[PDB]
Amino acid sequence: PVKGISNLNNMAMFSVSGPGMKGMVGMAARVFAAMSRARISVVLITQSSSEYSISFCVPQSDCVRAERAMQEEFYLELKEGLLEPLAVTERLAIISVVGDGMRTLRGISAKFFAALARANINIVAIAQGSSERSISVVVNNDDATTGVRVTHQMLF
């Protein structure tokens, strides 16, 4: 019941964290207001708990403008250490599997990750929302096509 496998290459991932971040109001709202003003395409956003970093992906072509905008928006917090230094990881890619609806993603998730793990492809981040039946994984850009191939063999 798989729809398709998609890949977006040449992405960069930002990760914002800090000891204060659990205690600060509207941190995601500020991050994404800053990206919106800078006209930056935020393709993936993930935060696994209030204590862990907010991570988000942008196309590599937007990476320098996004970093400058993040440094501007969080200047005070960074200088004071409420936020740890911004983490920027370049040369990434996003592989996604699209279901045909929600129900059958159970076997699909297990199979998707099993294929990547068999290929020894490191997963840098994961995002699956509750509305679309689709799972996105962030990998190193050099692994993108191999990741599509092994996922395709497993699922089709």
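Quick note: we count residues from 1 along the sequence shown, nothing fancier.
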| property | result |
| --- | --- |
| Stretch with the greater mean C-alpha B-factor as recorded in the entry, comparing 139-147 against 14-22 | 14-22 |
| Per the entry, higher mean C-alpha B factor between 104-112 and 50-58 | 104-112 |
| 89, 131, 96, 122, ranked by C-alpha B-factor: the highest one | 131 |
| Residue, from 29, 70, 44, 38, that the PDB entry assigns the highest Cα B-factor | 38 |
| CA B-factor ranking of residue 155, expressed as a third of its chain | middle |
